[PDB]
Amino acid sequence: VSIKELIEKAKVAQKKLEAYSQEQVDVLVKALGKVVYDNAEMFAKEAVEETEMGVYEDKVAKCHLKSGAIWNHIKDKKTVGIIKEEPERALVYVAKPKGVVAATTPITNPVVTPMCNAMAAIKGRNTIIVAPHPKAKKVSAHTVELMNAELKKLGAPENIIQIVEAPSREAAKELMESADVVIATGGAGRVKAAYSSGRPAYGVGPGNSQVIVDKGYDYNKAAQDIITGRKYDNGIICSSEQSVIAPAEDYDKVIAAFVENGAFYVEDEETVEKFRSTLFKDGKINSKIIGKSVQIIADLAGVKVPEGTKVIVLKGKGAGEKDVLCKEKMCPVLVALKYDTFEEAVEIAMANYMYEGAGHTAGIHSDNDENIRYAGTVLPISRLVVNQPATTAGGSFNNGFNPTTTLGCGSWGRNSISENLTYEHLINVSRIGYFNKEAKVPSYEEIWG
């Protein structure tokens, strides 16, 4: 099945799907997330043992959280036909499909990403063609199979969800250039290909979530939240915490709070280098430790780490490019940096985002809202996460971030949107704009007064 065949099958199905009503669309979208929720144990076991990375229980919770939070958010959203009337502007808003969606899915979330993109596309009467990551093509195609089985039970049009099993680089390039809109969730090489296809694209970016712990905050609570997000799925989540920027006044208190909650702190220079020379090879992350457990990393580094350790905290030689450990670490390892005062703490996180990860996510644990707002104003980020694990940046029942699996990084990460990808970005919103007669034309003084 060539790409031109997949595109033609998707365009035919979309024209059939365009005749669907708001209710008939929502029926299909709800079942897409429910089948991922009901088969979470099977998908998580296959994804972990095929991609050779991640934690089984964490992917089960990921399938449960993503599928439920997405449908809970989009169940009452109007995305078909006329959706909003603004008489004060003499405007009527109409929601129209964009057409055929091409979605390249990653290896880290090979189940919830094909689900999220398909739910967001079908929500706006669009069809989707999935191109999975090669090391995850089996579990990603199995998710599409279980989703298409439920769509067939509901009499949905065939081929509204398609899969490109094992495509070449030219095939994925042929797919993105042929589709009406592109979604690229993965490495910077796949994202740059999306914005080079001559088509409007939605991409992601490399993460590097910096975490500021403010003076006086509950260090035990901050430690628990940061450890929970760092070890989540063995640390392959893009928004996962990467550093702990702690005040030098209470530095021993912050570290002891991490050690109390299952962290192994390393201060010795030679011992940290045993981890640094293992995690990074010529400034690049070692692919053999991506998504691996703490004991796997500890054995390869030759350092004794006690059993039950959740994360590894390493004292960094400095901020920014003073230490390769300040880059994105796709493994349960945190770099520890001390700061003098808050503006410098913002500067320390600023230098790490210039090193890698600008435009993604940051985390802060503080009761000082003047400090939280100052951090949110200066840092080059799309999402600031306050007093909770940074891994919740993709949507939670306790925060206001839009649930998604595609976190846009804005212009910093070379993306079109600096927000979470939802149904909104997969529909064209038009305007009917009437002739407002009651409005008075401003004069020269009324314009430039």
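Note that residue numbering follows the sequence shown and begins at 1.
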431 to 439 versus 13 to 21 - which carries the larger mean C-alpha B factor in the record: 431 to 439
Mean C-alpha temperature factor, higher of 196 to 204 and 160 to 168: 160 to 168
Top Cα B factor in the deposited entry, candidates 225, 323, 328, 282: 282
Most elevated Cα B-factor in the entry, residues 299, 344, 241, 214: 344
Chain third (lowest, middle, highest) by recorded CA B-factor, residue given as residue 185: highest
B-factor third for the C-alpha atom of residue 386 within its chain: lowest
Residue 98 - which third its CA temperature factor falls in, relative to the rest of the chain: middle
Third of chain Cα B-factors occupied by residue 260: lowest
Within-chain third of residue 174 by Cα B-factor, per the entry: highest
